[PDB]
Amino acid sequence: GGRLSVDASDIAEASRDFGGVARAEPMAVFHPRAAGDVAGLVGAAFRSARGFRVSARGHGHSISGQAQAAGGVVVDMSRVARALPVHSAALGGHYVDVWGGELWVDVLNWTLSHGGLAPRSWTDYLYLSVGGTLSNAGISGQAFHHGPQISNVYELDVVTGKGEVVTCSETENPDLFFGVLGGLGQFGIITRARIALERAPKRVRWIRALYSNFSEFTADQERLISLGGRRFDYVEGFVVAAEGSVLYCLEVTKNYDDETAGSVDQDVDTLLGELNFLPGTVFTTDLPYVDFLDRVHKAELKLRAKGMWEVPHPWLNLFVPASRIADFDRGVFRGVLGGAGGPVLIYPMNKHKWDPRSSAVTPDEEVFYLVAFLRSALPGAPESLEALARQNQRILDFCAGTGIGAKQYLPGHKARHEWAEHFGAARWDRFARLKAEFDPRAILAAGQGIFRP
Ligand SMILES: *Cc1cc2c(cc1C)nc1c(=O)[nH]c(=O)nc-1n2C[C@H](O)[C@H](O)[C@H](O)COP(=O)(O)OP(=O)(O)OC[C@H]1O[C@@H](n2cnc3c(N)ncnc32)[C@H](O)[C@@H]1O
Ligand SMILES: O=C(Nc1cccc(OC(F)(F)F)c1)Nc1ccccc1CCO
């Protein structure tokens with residue numbers, strides 16, 4: 001049903017990612033029409049004498065070649081008839097079946113136009129694939145309450161490293177289901193995901209407030225994620241330099257529709273009155289739900305206009321235990337980064353919203369932060385990338401040297417002992433046994449660099 005391509009433009013795209021450093025080239029790009037085509041190509045890789053590398057590519061947003069298949073085949077999962085959202089009296093809510101390669105922006109537009117429904121857990125940027133985010137976690141300001149996107153999926157169709165098509169969920173083949181979720185593409189290619197949906201809000205009251213005190217900023221973020229009961233629907237934060245001394249910006253939203261429109265003003269005021277931000281630093285925006293969710297695509301268009309999008313992105317994302325966040329500000333925000341461009345995001349989440357059976361690796365603490373260092377190197381300036389990479393290593397060295405039990409989100413580890421350390425003994429054993437069962441020849445997502453044939 002599908003086709004192998006050797007088009008130079010296809011080979012070039014499959015040989016690069018948003019990180020802009022890793023450049024491992026495949027022999028061909030596979031364009032599947034349906035799941036059976038993906039199964040055929042993986043089956044052929046498993047049956048071949050050589051056992052060539054096969055990796056699915058979502059939207060190519062990896063930082064360090066995780067979707068690259070050196071001298072093998074890259075499956076271009078990008079987009080056919082779409083399934084309509086479905087109501088279930090047994091689940092007590094809606095769901096939608098989507099193709100693994102579908103972009104979250106296309107999922108949103110589809111579900112809104114078919115019943116005004118939408119996923120309840122997001123990423124900040126919607127031009128990412130469903131299979132791509134579900135293989136990591138999929139995190140944004142809703143995760144503290146709904147959990148990440150891996151906690152908002154009922155079922156999957158997975159093409160294993162043996163080319164077998166398996167339907168899995170908590171009740172059917174749970175080992176494969178939980179293994180694949182946060183699994184870094186190690187156990188199969190997601191061809192279908194059954195996404196949980198809620199009736200979508202119509203509008204968003206988007207708030208930002210400034211802080212000069214890190215203890216008050218984090219104390220307010222930790223109180224907000226423990227609510228209610230009156231609560232915000234989104235809790236994020238970011239670090240700001242004195243020009244435009246360190247400032248911290250709290251970012252929150254209150255979702256509303258036609259029914260709740262008359263209570264949104266007082267709900268926001270009651271919640272904000274209980275906080276400790278700097279007086280006269282509250283900024284507010286009122287806009288449609290789709291416009292708020294697509295806010296990063298707008299930042300993207302302004303960057304493409306300045307030739308500042310197709311630059312190297314040495315991004316570093318860390319999960320930091322809440323017990324060590326104060327030390328982190330002193331040593332990193334004030335220390336390492338004290339004194340190319342890019343935001344530094346920071347906000348806490350609740351570990352109980354993360355299913356411990358999945359492959360995702362979080363710190364061993366109930367409340368932990370995501371600290372996202374989203375810095376870009378200067379265009380056509382290799383020394384800018386090098387200096388940023390040295391700063392990232394200084395951040396990891398700081399965590400190592402002070403015993404902060406941080407974990408990398410989207411891990412960029414190379415060595416086997418680095419992966420052993422990342423997972424820990426119990427999780428590593430579970431991970432390796434799943435690999436022996438579902439991808440014994442290490443064909444899938446070899447660009448992650450965890451296993452070898
Ligand atoms: C570039 C970027 C990334 C990003 C983001 C904003 C931008 C500009 N904002 C994020 C956010 O708010 N929250 C979050 O959790 N992540 C965010 N990211 C990172 C993003 O999630 C990752 O880059 C992730 O890899 C998804 O991106 P993408 O869809 O482009 O996938 P990929 O890079 O090609 O593949 C990543 C790994 O997954 C495997 N893969 C890909 N598709 C599948 C399927 N269908 N099944 C199984 N495995 C799959 C790849 O082989 C690779 O190992
Ligand atoms: O990339 C983002 N968010 C984002 C927000 C505003 C501007 C952004 O910079 C960009 F260049 F416009 F993409 C990125 N988040 C992300 C990235 C990787 C891993 C996890 C996250 C979630 C942090 O909230």
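Method of structure determination, per the deposited record: X-ray crystallography was used for this entry, reaching 2.0000 Å resolution.

By the naming in the PDB entry, the chain goes by Cytokinin dehydrogenase 4 and is assigned to Zea mays. This deposition appears in the PDB under the title "Crystal structure of ZmCKO4a in complex with inhibitor 1-[2-(2-Hydroxy-ethyl)-phenyl]-3-(3-trifluoromethoxy-phenyl)-urea". UniProt's Subunit (unreviewed entry) comment on the chain is quoted here verbatim: "Monomer." Looking at the chain in UniProt, the text filed under Cofactor (unreviewed entry) is "FAD".

(A) Seen up close, the overall build of the chain. Along the chain, the regular secondary structure elements total 14 helices and 18 strands. Relative to the globule expectation of 22 Å for 453 residues, the C-alpha radius of gyration of the chain, 22 Å, shows essentially globular dimensions. For the chain, the spread of C-alpha atoms along the three principal axes comes to 70 × 55 × 45 Å. Per-residue burial for the chain yields a buried fraction of 55% across its 453 residues. Summed over all atoms, the accessible surface of the chain reaches about 19,500 Å², with 52% contributed by carbon and sulfur. Each charge class in the chain can be summarised by its mean position, and for the 46 positive and 51 negative side chains these summaries are 4 Å apart.

(B) Summary view of the site of ligand 1. The full set close to ligand 1 counts 35 residues, and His-61, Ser-62, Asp-124, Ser-129 and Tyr-409 are the nearest of them. Here a nitrogen atom of ligand 1 and a backbone polar atom of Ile-139 are 2.8 Å apart. At a separation of 2.7 Å, an oxygen atom of ligand 1 approaches a polar side-chain atom of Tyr-409. If ligand 1 stood free it would expose 960 Å²; the protein chains cover 95% of that surface. Taken together, the elements giving at least two residues each to the shell around ligand 1 come down to β3 (54-57), α4 (130-134) and β10 (189-199). When residues of the shell around ligand 1 are assigned to their parent elements, the largest contribution, three residues, is made by α4. A per-class count over the shell around ligand 1 returns 15 nonpolar, 18 polar and two charged.

(C) Molecular detail of the packing of aromatic side chains. As enumerated under the stated definition, the model contains 29 aromatic pairs in all. With a centroid separation of 6.4 Å and 70 degrees between ring planes, the pair formed by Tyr-95 and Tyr-154 is classed as edge-to-face. With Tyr-95 in strand β6 (residues 93-99) and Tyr-154 in strand β8 (residues 153-159), this residue pair connects regions lying 59 residues apart in the sequence. The exposure class assigned to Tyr-95 is buried, which follows from its relative accessible area of 13%. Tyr-154 gets classed as partly exposed once you look at its relative accessible area, which sits at 25%. Between the aromatic rings of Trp-428 and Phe-451, the centroid separation amounts to 5.3 Å while the plane-to-plane angle is 20 degrees, which identifies the pairing as stacked. Within this pair, whereas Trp-428 is found in helix α14 (residues 425-438), its partner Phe-451 is found in the segment after α14, the two being separated by 23 residues in sequence. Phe-451 matches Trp-428 in its accessibility class, with the two residues each being buried.

(D) Main features of helix α13 (residues 416-423). When we look at burial in α13, the residues that qualify are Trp-419, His-422 and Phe-423. Buried residues of α13 fall within an arc of 85 degrees about the axis and therefore sit on the same side. Turned more than 90 degrees away from the buried face of α13, the exposed residues are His-417 and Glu-421. Close packing links the buried residues of α13 with β18 (407-409) and α14. Trailing α13 by a residue or two, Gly-424 shows a phi angle of about 85 degrees, which is positive.

(E) Just the pattern of salt bridges, in detail. Using the criterion set out here, one finds 26 salt bridges in the structure. We note a salt bridge from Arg-16 to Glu-13, for which the minimum N-O separation is 2.8 Å. Taking the relative accessible area as the measure of exposure, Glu-13 reaches 30% and is therefore partly exposed. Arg-192 serves as the salt-bridge partner of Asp-157, at 2.8 Å between the closest nitrogen and oxygen.

(F) A look at the pairing of strand β9 (residues 165-169). With five bridges joining them, β8 and β9 adopt antiparallel strand pairing. Counted as the bridge partner of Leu-156 is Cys-168 from β9. The hairpin turn running from β8 into β9, its antiparallel successor, is five residues long, and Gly-163 in that turn takes a positive phi close to 70 degrees.

(G) Spatial organisation of the site of ligand 2. In the region of ligand 2, 15 residues are neighbours, and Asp-124, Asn-317, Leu-345, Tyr-347 and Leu-374 sit closest. Within the side chain of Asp-124, a nitrogen or oxygen atom sits 2.7 Å from an oxygen atom of ligand 2. Between an oxygen atom of ligand 2 and a side-chain N or O atom of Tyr-347, the distance comes to 2.7 Å. In the complex, 84% of the free accessible area of ligand 2, which totals 530 Å², lies under the protein chains. Per-element accounting of the shell around ligand 2 gives the leading share, three residues, to helix α10 (residues 295-304). Its residues assigned to classes, the shell around ligand 2 shows 12 nonpolar, one polar and two charged.

The rules we used
Positions are assigned from 1 on a per-chain basis following the written sequence, which can diverge from the numbering of the entry; residues without coordinates are not listed. Each chain takes a letter, starting from A, and each ligand takes a number, starting from 1, following the order in which they are written. Excluded from the side-chain calculation are hydrogens and water; included are all heavy atoms of the structure. UniProt positions are given in the numbering used here, feature names are shortened, and annotations may be inferred rather than shown by experiment. Helix numbering and strand numbering both begin at the N terminus, where a helix is a DSSP run of H or I of at least 4 residues and a strand a DSSP run of E of at least 2. All radius of gyration figures rest on C-alpha atoms, and the globule criterion is 2.2 Å times the number of residues raised to 0.38. Note on classification: 1.4 Å probe, protein chains only; a residue is buried when its accessible area is under 20% of the maximum for its type, exposed when over 50%, partly exposed between these limits. Working definition of accessibility: Shrake-Rupley area with a 1.4 Å probe, residue cover restricted to the visible protein chains. In summary, the charge assignment counts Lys and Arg as positive and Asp and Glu as negative, without counting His or the chain termini. For this purpose, a charge sits on NZ of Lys, CZ of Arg, CG of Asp or CD of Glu. For each residue, the test is whether any non-hydrogen atom lies within 4 Å of the molecule or strand; if one does, the residue is near. Pairing of N or O atoms within 3.5 Å defines a polar contact, subject to two protein rules: one partner must be a possible hydrogen donor and the other a possible acceptor, and residues neighboring in sequence count only if both atoms are side-chain atoms. In this count, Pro and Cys sit with the nonpolar residues alongside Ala, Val, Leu, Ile, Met, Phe, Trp and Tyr, while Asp, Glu, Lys and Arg are called charged and the others, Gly among them, polar. Classification of ring pairs rests on two measures: the distance between centres of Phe, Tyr or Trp rings, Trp counted by its six-membered ring, which must be within 6.5 Å, and the angle between planes, read as stacked under 30 degrees, edge-to-face over 60 and tilted in between. Taking the helix axis as origin, the arc is that swept by the directions to the C-beta atoms. Should any heavy atoms of two residues lie within 4.5 Å, those residues are counted as being in contact. For salt bridges, the criterion is a side-chain nitrogen of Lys or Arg within 4 Å of an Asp or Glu carboxyl oxygen. Only strands that DSSP links by at least two bridges are regarded as paired with each other.

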